[PDB]
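Here is what each chain is made of, one letter per residue.
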Amino acid sequence: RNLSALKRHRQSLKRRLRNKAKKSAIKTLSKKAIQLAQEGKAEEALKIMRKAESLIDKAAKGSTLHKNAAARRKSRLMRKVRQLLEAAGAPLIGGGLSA
Amino acid sequence: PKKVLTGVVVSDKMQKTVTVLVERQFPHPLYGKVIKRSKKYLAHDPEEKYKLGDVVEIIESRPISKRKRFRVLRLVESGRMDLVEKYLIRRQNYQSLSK
Amino acid sequence: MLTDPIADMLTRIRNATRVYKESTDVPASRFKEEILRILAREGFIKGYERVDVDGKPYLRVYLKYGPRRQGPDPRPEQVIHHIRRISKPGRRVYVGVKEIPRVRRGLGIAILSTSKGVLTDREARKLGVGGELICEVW
Amino acid sequence: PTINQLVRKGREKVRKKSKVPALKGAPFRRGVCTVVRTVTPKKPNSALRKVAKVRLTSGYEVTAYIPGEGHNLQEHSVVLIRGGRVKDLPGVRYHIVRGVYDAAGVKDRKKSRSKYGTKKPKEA
Amino acid sequence: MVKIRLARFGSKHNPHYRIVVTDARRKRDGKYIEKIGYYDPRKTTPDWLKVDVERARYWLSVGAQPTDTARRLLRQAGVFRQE
Amino acid sequence: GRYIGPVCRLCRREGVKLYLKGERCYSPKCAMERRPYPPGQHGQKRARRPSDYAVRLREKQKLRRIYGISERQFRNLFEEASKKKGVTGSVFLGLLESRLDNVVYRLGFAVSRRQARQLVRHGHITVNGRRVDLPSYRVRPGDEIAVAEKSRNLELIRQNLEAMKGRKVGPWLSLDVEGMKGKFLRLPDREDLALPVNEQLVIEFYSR
RNA sequence: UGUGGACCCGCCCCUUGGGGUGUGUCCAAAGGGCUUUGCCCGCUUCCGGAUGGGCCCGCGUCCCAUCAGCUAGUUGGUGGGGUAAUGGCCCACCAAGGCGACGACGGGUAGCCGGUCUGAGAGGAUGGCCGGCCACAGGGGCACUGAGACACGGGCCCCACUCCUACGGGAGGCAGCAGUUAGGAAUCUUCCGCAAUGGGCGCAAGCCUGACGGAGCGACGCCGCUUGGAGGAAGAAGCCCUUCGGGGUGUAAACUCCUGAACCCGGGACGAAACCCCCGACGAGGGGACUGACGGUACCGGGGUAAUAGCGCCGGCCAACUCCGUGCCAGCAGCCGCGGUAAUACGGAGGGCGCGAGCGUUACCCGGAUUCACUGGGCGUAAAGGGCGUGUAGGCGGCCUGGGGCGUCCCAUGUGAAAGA
RNA sequence: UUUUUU
RNA sequence: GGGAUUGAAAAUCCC
Ligand SMILES: [Mg+2]
Ligand SMILES: [Mg+2]
Ligand SMILES: [Mg+2]
Ligand SMILES: [Mg+2]
Ligand SMILES: [Mg+2]
Ligand SMILES: [Mg+2]
Ligand SMILES: [Mg+2]
Ligand SMILES: [Mg+2]
Ligand SMILES: [Mg+2]
Ligand SMILES: [Mg+2]
Ligand SMILES: [Mg+2]
Ligand SMILES: [Mg+2]
Ligand SMILES: [Mg+2]
Ligand SMILES: [Mg+2]
Ligand SMILES: [Mg+2]
Ligand SMILES: [Mg+2]
Ligand SMILES: [Mg+2]
Ligand SMILES: [Mg+2]
Ligand SMILES: [Mg+2]
Ligand SMILES: [Mg+2]
Ligand SMILES: [Mg+2]
Ligand SMILES: [Mg+2]
Ligand SMILES: [Mg+2]
Ligand SMILES: [Mg+2]
Ligand SMILES: [Mg+2]
Ligand SMILES: [Mg+2]
Ligand SMILES: [Mg+2]
Ligand SMILES: [Mg+2]
Ligand SMILES: [Mg+2]
Ligand SMILES: [Mg+2]
Ligand SMILES: [Mg+2]
Ligand SMILES: [Mg+2]
Ligand SMILES: [Mg+2]
Ligand SMILES: [Mg+2]
Ligand SMILES: [Mg+2]
Ligand SMILES: [Mg+2]
Ligand SMILES: [Mg+2]
Ligand SMILES: [Mg+2]
Ligand SMILES: [Mg+2]
Ligand SMILES: [Mg+2]
Ligand SMILES: [Mg+2]
Ligand SMILES: [Mg+2]
Ligand SMILES: [Mg+2]
Ligand SMILES: [Mg+2]
Ligand SMILES: [Mg+2]
Ligand SMILES: [Mg+2]
Ligand SMILES: [Mg+2]
Ligand SMILES: [Mg+2]
Ligand SMILES: [Mg+2]
Ligand SMILES: [Mg+2]
Ligand SMILES: [Mg+2]
Ligand SMILES: [Mg+2]
Ligand SMILES: [Mg+2]
Ligand SMILES: [Mg+2]
Ligand SMILES: [Mg+2]
Ligand SMILES: [Mg+2]
Ligand SMILES: [Mg+2]
Ligand SMILES: [Mg+2]
Ligand SMILES: [Mg+2]
Ligand SMILES: [Mg+2]
Ligand SMILES: [Mg+2]
Ligand SMILES: [Mg+2]
Ligand SMILES: [Mg+2]
Ligand SMILES: [Mg+2]
Ligand SMILES: [Mg+2]
Ligand SMILES: [Mg+2]
Ligand SMILES: [Mg+2]
Ligand SMILES: [Mg+2]
Ligand SMILES: [Mg+2]
Ligand SMILES: [Mg+2]
Ligand SMILES: [Mg+2]
Ligand SMILES: [Mg+2]
Ligand SMILES: [Mg+2]
Ligand SMILES: [Mg+2]
Ligand SMILES: [Mg+2]
Ligand SMILES: [Mg+2]
Ligand SMILES: [Mg+2]
Ligand SMILES: [Mg+2]
Ligand SMILES: [Mg+2]
Ligand SMILES: [Mg+2]
Ligand SMILES: [Mg+2]
Ligand SMILES: [Mg+2]
Ligand SMILES: [Mg+2]
Ligand SMILES: [Mg+2]
Ligand SMILES: [Mg+2]
Ligand SMILES: [Zn+2]
């Protein structure tokens, strides 16, 4: 018995906690941004959106989201905050988005 | 090549979708007479353009739904309901031959 | 209605020769005419000619037979021993140029209908085409 | 039948039924004897034919024929079944292999020894 | 990674190899991309090695990796000679 | 292991002299002299009109026994001729004639077929310089069939070649008698064989 | 730090989410080694290539109609979630749809193919070994890590079973190679080896590899080969038959000569050349060195002994016949049939036929079988015309001309893997 | 009554 | 298990 391929499993549970953590931030930031887009705060929503995006691409850097998955979440996020900003638009910061 | 078939729309009753009946002629692999088989495709109609009895080309397409892999290329012949009448009658005989 | 006019003509001829009739009439159709042209050209009949029977057009096929023979059954040998319709309706027979048979190891013909006209098996082979196998004659 | 008919219905392959349910379609099957009997034959002949009811490893109780001049086959003896009907005895569809587990070959059998399962003797 | 190697097609005690382009992950006697040579190691015939250099050079421009022995036999047939 | 036993009995059972005994199938002892009837107790009895199968059977045996071959190699050679281009009938004969043992006999190296078989088996035969000990080896045209110089001094070889002096050889063969050489020039034709055998009957024995 | 890439939006060209562009936002990294000033193994972002793969579609793919109706995410839509990616894949809401006699639904059976077997072919049968695809890893579900798995020798949970147990709780998973047991008519060695080929890791040296290369067992198949060759009596003995004259076994044995399977002796491999070292720049090129399981086996040379034969069959089909024993007995038998006192059919013998390290038997597949008839059958009396009509679907369609070119026919081309043929 | 028309 | 009986066997008859 006792293969030391078991080492692999020990590392699995390491990376599981790495991946799982960054995603949880992503979601918790993404929602946050949208919550202010719906609530018409433009500057704060865009400020948070830039941090969301940064966290997304940073998770693409490694083995969490590596593919165009990160680009998926970005796309959906920018669409949602722009459209939610369409209610009394006033895009104050205008940082994250294009003119 | 994307496969392209020509058939007759026998169903209007969906939304953005039409059923196309496509005949097919081929010699029997053993007995050799020419036999006529036919298949129904669910084709995508985004503009609700095509109506019942129309004879339409249908093109192999990116999957739209379960059971929808074709889109309506163009209109060949407008509204010959004799085809639809053959299909409807044949459907109607099945109410007999049960009990 | 006449179901298969060609089988009908083939048969009018078959029966006609079985009683050694001089001639026999078959209802006129261009395709039939083009068949009789091959029968004539290949020496199976004396010939044919257009005619009007009671106002309607027909083809008088003049058949030929061999010599009156010796002791009992003097009846001549036949020139058309065997005529058979091959591709009938409800079971159609088309042959590619490599599917074209050799009829009676050479001594008969297979009338094809080709996109290039009604040919014999030899004509249609050397022409490099196939088509609907109409009938054996030999 | 018309071509349309053969198109619509088509021919029907003749399913062939087995003449020997020695199951698993096996070439032979071992079983234990139930009885060892002598049965009277069909009309044109008459004799005493020694047969045996066998419980088979396939789950079958069937009659088998005991070939040769004389046998040692007893009530509880085990034997192997070969297949092949005995014509002039209805019901017997399988033969018995002689020269198998509890079934002695034929003694003093000098002509057809492959059948009847007997060895090759010595000549001084 | 695509590889250039040998595939044994002789019989027992009679090996004959087929210099072959295949995915490293397939069996050695399994499905390959292209047969680009044969190798007879007992040298039973006058011609016991053939290569078709200019095809090997193709598969090397795209990064097939030859075995040590495949490279031995390729070099011998002059695949790498650049003069 | 081929047929090994009394042979001049098959001389009788076929009804034709079979020279498998070599000599003494020539001297009036062959038992085909003053005993042409088949062997056994019922040999001198009046034989019944054979069945059509019986005829093709006795013709095939008549040929098979002549070449001294098992049924196995016999039929495999036949099917080989059935596949090859040309007349099955004569192709088969050319193939049987191409057996190294048969060539050896045919070159007058051995008195008989059987003797030729033993001579091959013991490696006394050269083919293009090489020893060949298989009686079944197919000789090709242009092959030099020699005698191993090891055995050239043996008294059986000098014995047979002594009587081969001035003896004529088959038109598809030629031999040098001093150097104990020989050559297979070409395949024999039907007319090149005097075989008292109807090939068509044999072909017709294998149609069944 | 911004070569560049990603996202929103706009514009251009394309046309399904393809390419370019602008502003804005977001995103890079790692070191190690020596012959330590330069080079080798690595690292980051991007484009392309090559290879492997996902998903989608047309067509083909066994039996039962004594299975005729099936369907609730079920069919479609809008939006959303998810994924590398389309998609009722999932979710909410809306519409009421979708499938079926061209066989839906249900039941039975089953991995599919390249092929293989048979057959004149058309066809039938089959899918072992080998190659390609799939599925599964005690049964069921599940996700994690990752380019890739929902993972045989990884993880969690439920179930059944074996083992440990301080009764609280734990450990397992040969459908990997051998091997054991069970079942079964029946299926192998707990073998050698890293020398070759191939794979993983490594700058390399090298390590692992029951992949593999070999050996072992089994007439299981195929193939080659031996049990002698030549002389030898109008013909021994024994056996068998007989008209008692004789006939047969039979040139067969003896016996004469010749060769020399086994076995002994010596030599003794190919499969092996690269990796590596050195010159040359760690390139081309040149040079050089180590490297065996099989195995002292194959093979060669020398010496050399007459040195296993069996099994079926002999009434017709079917090639081979007499004697005696037995008397509807004992028994033979594929079918037709043999035996109730002369049996070429039972049993033995002599003899003969057929094959021969085999020969027979059983099972199964095709053939003969044109006996499911496309090729290639039929229905007055042989099995078969519906008791009759009307008519639905379907099948089929007179003569002339013209368009089209769907079937049909021709040319080119891509494909049709390797093996097999 | 049963087998064997010889 | 024997004789009559039948080509033989059944049946029938005799110790
Ligand atoms: Mg590790
Ligand atoms: Mg939270
Ligand atoms: Mg992942
Ligand atoms: Mg609609
Ligand atoms: Mg949709
Ligand atoms: Mg309904
Ligand atoms: Mg039925
Ligand atoms: Mg006992
Ligand atoms: Mg692979
Ligand atoms: Mg060169
Ligand atoms: Mg031939
Ligand atoms: Mg010649
Ligand atoms: Mg044949
Ligand atoms: Mg830039
Ligand atoms: Mg920019
Ligand atoms: Mg940065
Ligand atoms: Mg750092
Ligand atoms: Mg691809
Ligand atoms: Mg959607
Ligand atoms: Mg994934
Ligand atoms: Mg729902
Ligand atoms: Mg359909
Ligand atoms: Mg199954
Ligand atoms: Mg064949
Ligand atoms: Mg046939
Ligand atoms: Mg199958
Ligand atoms: Mg199949
Ligand atoms: Mg297996
Ligand atoms: Mg499972
Ligand atoms: Mg499981
Ligand atoms: Mg990985
Ligand atoms: Mg698992
Ligand atoms: Mg799996
Ligand atoms: Mg395991
Ligand atoms: Mg307890
Ligand atoms: Mg057991
Ligand atoms: Mg083995
Ligand atoms: Mg050892
Ligand atoms: Mg290795
Ligand atoms: Mg290696
Ligand atoms: Mg490396
Ligand atoms: Mg290990
Ligand atoms: Mg192996
Ligand atoms: Mg055995
Ligand atoms: Mg002798
Ligand atoms: Mg000597
Ligand atoms: Mg070597
Ligand atoms: Mg070497
Ligand atoms: Mg240097
Ligand atoms: Mg070099
Ligand atoms: Mg090495
Ligand atoms: Mg050694
Ligand atoms: Mg020697
Ligand atoms: Mg000697
Ligand atoms: Mg001897
Ligand atoms: Mg036979
Ligand atoms: Mg006979
Ligand atoms: Mg018998
Ligand atoms: Mg007597
Ligand atoms: Mg008697
Ligand atoms: Mg009698
Ligand atoms: Mg007898
Ligand atoms: Mg018999
Ligand atoms: Mg007998
Ligand atoms: Mg005997
Ligand atoms: Mg053999
Ligand atoms: Mg056998
Ligand atoms: Mg059969
Ligand atoms: Mg048939
Ligand atoms: Mg029948
Ligand atoms: Mg039948
Ligand atoms: Mg018919
Ligand atoms: Mg019939
Ligand atoms: Mg009647
Ligand atoms: Mg009737
Ligand atoms: Mg009636
Ligand atoms: Mg009736
Ligand atoms: Mg018409
Ligand atoms: Mg019509
Ligand atoms: Mg026209
Ligand atoms: Mg066209
Ligand atoms: Mg082509
Ligand atoms: Mg091929
Ligand atoms: Mg009787
Ligand atoms: Mg009397
Ligand atoms: Zn003789």
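## Here we look at the overall build of chain D
Part 1 of the reasoning: Per the secondary structure count, chain D includes one helix and five strands.
Part 2 of the reasoning: Each helix and strand of chain D, ordered N terminal to C terminal, gives the series α-β-β-β-β-β.
Part 3 of the reasoning: At 20 Å, chain D has a C-alpha radius of gyration far larger than the 14 Å of a compact globule built from 124 residues.
Part 4 of the reasoning: Overall size of chain D, expressed as C-alpha extent along the three principal axes, is 75 × 35 × 35 Å.
Part 5 of the reasoning: Counting all 124 residues of chain D, 32% fall into the buried class.
Part 6 of the reasoning: Long-range pairs, those at least 24 residues apart, make up 48% of the contacts in chain D with a sequence separation of at least 6.
Part 7 of the reasoning: When the accessible surface of chain D is totalled, it reaches about 9300 Å², and 50% of it is carbon and sulfur.

## With respect to empty space enclosed by the protein
Residues and elements named next belong to chain F.
Part 1 of the reasoning: Per the stated rule, a full pass over the model turns up four cavities of 30 Å³ or more.
Part 2 of the reasoning: The space that makes up the largest cavity amounts to roughly 70 Å³.
Part 3 of the reasoning: Along its surface, the largest cavity is lined by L63, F78, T88, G89, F92, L93, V197, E199, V202 and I203.
Part 4 of the reasoning: Breaking the lining of the largest cavity down by element, the ones donating at least two residues are α4 (88-97) and α9 (199-205).
Part 5 of the reasoning: Ranked by the residues each element gives to the lining of the largest cavity, the list is headed by α4, at four residues.
Part 6 of the reasoning: Considering only residue class, the lining of the largest cavity consists of seven nonpolar, two polar and one charged.

## Quick look at the protein's contact with RNA strand G
Part 1 of the reasoning: By nearness alone, 223 residues border RNA strand G, and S63 and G95 of chain A, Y65 and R109 of chain D together with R114 of chain F come closest of all.
Part 2 of the reasoning: Counting only atoms of RNA strand G within 4 Å of the protein, the sugar-phosphate share comes to 79%.
Part 3 of the reasoning: For the surface near RNA strand G, the leading source of residues is helix α3 (residues 69-85) of chain A, giving 10 residues.

## Notes on the side chain of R98 of chain D
All names here are of chain D.
Part 1 of the reasoning: Topologically, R98 is positioned in the segment after β5 (94-95).
Part 2 of the reasoning: Separated by 2.8 Å, the side chain of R98 and the backbone oxygen of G70 make a polar contact.
Part 3 of the reasoning: Those residues in contact with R98 that lie beyond four places of it in its chain are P67, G68, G70, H71, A103, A104, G105, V106, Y116 and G117.

## Notes on the layout of surface pockets
Residues and elements named next belong to chain F.
Part 1 of the reasoning: Approximately 850 Å³ is the volume found for the largest pocket.
Part 2 of the reasoning: As for the largest pocket, its lining consists of 30 residues, and the residues nearest its centre are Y26, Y105, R106, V111 and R167.
Part 3 of the reasoning: At the level of elements, α5 (100-106) and α8 (155-164) are the ones that each hand at least two residues to the lining of the largest pocket.
Part 4 of the reasoning: It is α8 that provides the largest number of residues to the lining of the largest pocket, a total of four residues.

## Digging into the nonpolar core
Part 1 of the reasoning: Counting 53 residues, the largest nonpolar core has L63, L96, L100, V104, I125 and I145 of chain F as the members making the most contacts within it.
Part 2 of the reasoning: Mapping this core onto the domain boundaries places at least three of its residues in each of domain 1 (1-96 + 194-208) and domain 2 (97-193) of chain F.
Part 3 of the reasoning: Here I145 of chain F is in contact with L100, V103, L107, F109, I125, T126, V139, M180, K181, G182, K183 and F184 of chain F, once residues within four sequence places are set aside.
Part 4 of the reasoning: Counting 24 residues, the second-largest nonpolar core is a separate cluster that includes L36, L39, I109 and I111 of chain C.

## As for the interface of chain B and chain D
Part 1 of the reasoning: At the junction of the two partners, chain B supplies four residues and chain D supplies five residues.
Part 2 of the reasoning: Buried surface at the junction of chain B and chain D, summed over both partners, amounts to about 440 Å²; 72% is from carbon and sulfur atoms.
Part 3 of the reasoning: Sorting the residues of chain B by area buried against chain D places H28, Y31 and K33 of chain B first, and these three jointly supply 89% of that buried surface.
Part 4 of the reasoning: Inspection of the chain B/chain D interface yields zero salt bridges.
Part 5 of the reasoning: Our count for the chain B to chain D interface comes out at one residue pair in polar contact.
Part 6 of the reasoning: Residue classes in the side of chain B that touches chain D are distributed as two nonpolar, one polar and one charged.

## Side note on helix α6 (residues 113-121) of chain F
Residue and element names in this part refer to chain F.
Part 1 of the reasoning: Every buried residue of α6 is accounted for by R113, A116, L119 and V120. Buried residues of α6, viewed axially, fall in a sector of 120°; they line one side.
Part 2 of the reasoning: Contacts from the buried residues of α6 go to α2 (52-67), α4, α5 and β1 (125-127).
Part 3 of the reasoning: Near the N-terminus of α6, the side chain that reaches the backbone nitrogen of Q115, with its oxygen 3.2 Å away, is that of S112.

## Focus on the pattern of salt bridges
Close approach of charged atoms lets side chains of opposite charge pair.
Part 1 of the reasoning: Per the counting criterion, the structure on display carries 38 salt bridges over all chains.
Part 2 of the reasoning: A salt bridge links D4 of chain C to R85 of chain C, with the nearest nitrogen and oxygen atoms 2.4 Å apart. With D4 of chain C in the segment before α1 (5-18) and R85 of chain C in strand β4 (residues 83-85), this pair connects stretches of sequence that are 81 residues apart.
Part 3 of the reasoning: Two residues, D23 of chain E and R25 of chain E, come together in a salt bridge whose shortest N-O distance is 3.1 Å.
Part 4 of the reasoning: With a relative accessible area of 24%, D23 of chain E lands in the partly exposed category.
Part 5 of the reasoning: Bridged by salt links that share partners, the residues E53, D57 and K74 of chain A form one connected network.

## Here's the deal with the domain arrangement of chain C
Residues and elements named next belong to chain C.
Part 1 of the reasoning: Examined at the domain level, chain C breaks down into domain 1 (3-80) and domain 2 (81-138).
Part 2 of the reasoning: Summarising the inter-unit geometry, the C-alpha centres of domain 1 and domain 2 are found 19 Å apart.
Part 3 of the reasoning: Summed over both sides, the interface of domain 1 with domain 2 buries roughly 1500 Å², with 70% coming from carbon and sulfur.
Part 4 of the reasoning: The interface formed by domain 1 and domain 2 holds two salt bridges in total.
Part 5 of the reasoning: In terms of residue count, helix α2 (residues 30-41) provides more of the side of domain 1 that touches domain 2 than any other element does, six residues in total.
Part 6 of the reasoning: Taken together, the residues of the side of domain 1 that touches domain 2 break down into 10 nonpolar, one polar and seven charged.

## Let's talk about the sheet that holds strand β4 (residues 78-81) of chain D
Residue and element names in this part refer to chain D.
Part 1 of the reasoning: Within the open sheet, the five strands sit side by side as β4-β1-β2-β3-β5. Their pairing is mixed. Every other strand in the sheet has two partners, leaving β4 and β5 as the edge strands with one partner each.
Part 2 of the reasoning: Pairing of strand β1 (residues 29-39) with strand β2 (residues 49-56) involves eight bridges; the strand directions are antiparallel. Looking at the pairing, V32 lines up with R55 of β2.

## Focus: the arrangement of the chains
Part 1 of the reasoning: If you rank the three pairs of chains in contact by how many contacts each has, first place goes to chains B and D.
Part 2 of the reasoning: The two units chain A and chain B remain apart, with a minimum C-alpha distance of 20 Å.
Part 3 of the reasoning: Taking C-alpha atoms as the reference, chain A and chain D come no closer than 41 Å and do not contact one another.

## Looking at the side chain of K68 of chain B
Residues and elements named next belong to chain B.
Part 1 of the reasoning: Along the polypeptide, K68 turns up in strand β5 (residues 68-77).
Part 2 of the reasoning: Buried within the structure, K68 lacks any salt-bridge partner; its nearest side chain of opposite charge belongs to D45, at an N-O separation of 8.7 Å.
Part 3 of the reasoning: Within the local environment of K68, its side chain forms a polar contact with the backbone oxygen of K16, the two atoms lying 3.2 Å apart.
Part 4 of the reasoning: Not counting residues up to four positions away in its chain, the partners in contact with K68 are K16, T17, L42, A43, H44 and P63.

Conventions used here
- Residues numbered from 1 in each chain as written, not as in the entry; some residues may be left out.
- Chains lettered and ligands numbered in written order.
- Part of a larger assembly, values for the part shown.
- Heavy atoms only, no water.
- Helix = DSSP H or I, 4+ residues; strand = E, 2+ residues; numbered from the N terminus.
- Rg over C-alpha atoms; globule rule 2.2 N^0.38 Å.
- Buried < 20%, exposed > 50% of the residue type's maximum accessible area, 1.4 Å probe, protein only.
- Contact = heavy atoms within 4.5 Å.
- Areas by Shrake-Rupley, 256 points an atom, 1.4 Å probe, with all protein chains shown as cover.
- 1 Å grid on protein atoms, 1.4 Å probe; cavity = no way out; pocket = protein on both sides within 12 Å on 5 of 7 lines; lining within 4 Å.
- Points joined across faces, edges and corners; volume = space filled by probe spheres on them.
- Nonpolar A, V, L, I, M, F, W, Y, C, P; charged D, E, K, R; others polar.
- Near = heavy atom within 4 Å.
- Polar contact = N/O pair within 3.5 Å; in protein donor to acceptor, adjacent residues only side chain to side chain.
- Core = buried A, V, L, I, M, F, W, Y, C linked by side-chain atoms within 4.5 Å.
- Domains from an automatic or database assignment.
- Buried area = accessible area lost by both parts, 1.4 Å probe.
- Salt bridge = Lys/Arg side-chain N within 4 Å of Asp/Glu carboxyl O.
- Arc of directions from axis to C-beta.
- Pairing = 2+ DSSP bridges.
- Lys, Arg positive; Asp, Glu negative; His and termini not counted.

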